[PDB]
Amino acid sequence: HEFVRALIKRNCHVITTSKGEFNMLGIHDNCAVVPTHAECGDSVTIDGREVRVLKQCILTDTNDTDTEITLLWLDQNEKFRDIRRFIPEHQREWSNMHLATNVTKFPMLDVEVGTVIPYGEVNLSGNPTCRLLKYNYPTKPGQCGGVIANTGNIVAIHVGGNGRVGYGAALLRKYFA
């Protein structure tokens, strides 16, 4: 609510790649999360400036299936507010979740997507993607990277949809240990 808006303002940035504009969610220290299909390079445009990526980790499950989550370790002095304590340890169903992003098409957007349910593996644009949470909301192109959350629970980043539902990549605390 207030929590989600403060999260966007404090930890989120516009990342621009050849795939367009995405929301980038800082997690802790210099480590941020972006959708894997943003295809970030060795340096990324953040809030209109080139930022060098010290290390990139494309996260996979134990069968090497994409989670659609990529970790960026950024060459910056700033430290993200450590939000790991709000990131769940396991996949679970959540009620009254919001999608929030800040992007040219969707500036300071916050919308209620409702209930978020663990949904498993889905092929997104031909690529198998695991550990997705699904919400019955007609999410739109340009909302990728948006945060799926509510007060105290930071649960996914938005990574796809089909015009009727949205798929979020589950954020799990062990990713960020």
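We number the residues from 1 along the sequence you see.
**Item:** Mean C-alpha temperature factor, higher of 145-153 and 47-55
**Value:** It is 47-55 that shows the higher mean C-alpha B-factor.
**Request:** Take the C-alpha B-factors listed in the entry for 157-165 and for 13-21, compute each mean, and give the stretch with the larger one.
**Result:** Stretch with the higher mean C-alpha B-factor: 13-21.
**Most elevated Cα B-factor in the entry, residues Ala38, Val116, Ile27, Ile69** = The record points to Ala38.
**Item:** Position of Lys140 among the chain's modelled residues by C-alpha B-factor, lowest, middle or highest third
**Value:** Its C-alpha B-factor, which the entry lists for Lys140, ranks in the highest third among residues of this chain.
**Request:** Looking at the entry's B-factor column for C-alpha atoms only, identify whether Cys130 ranks in the lowest, middle or highest third of its chain.
**Result:** It falls in the bottom third of the chain.
**Request:** Consider only the C-alpha atoms of the modelled residues in this chain, order them by B-factor as the entry records it, and name the third containing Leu124: lowest, middle or highest.
**Result:** Highest third - that is where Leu124 ends up once the chain's C-alpha B-factors are sorted.
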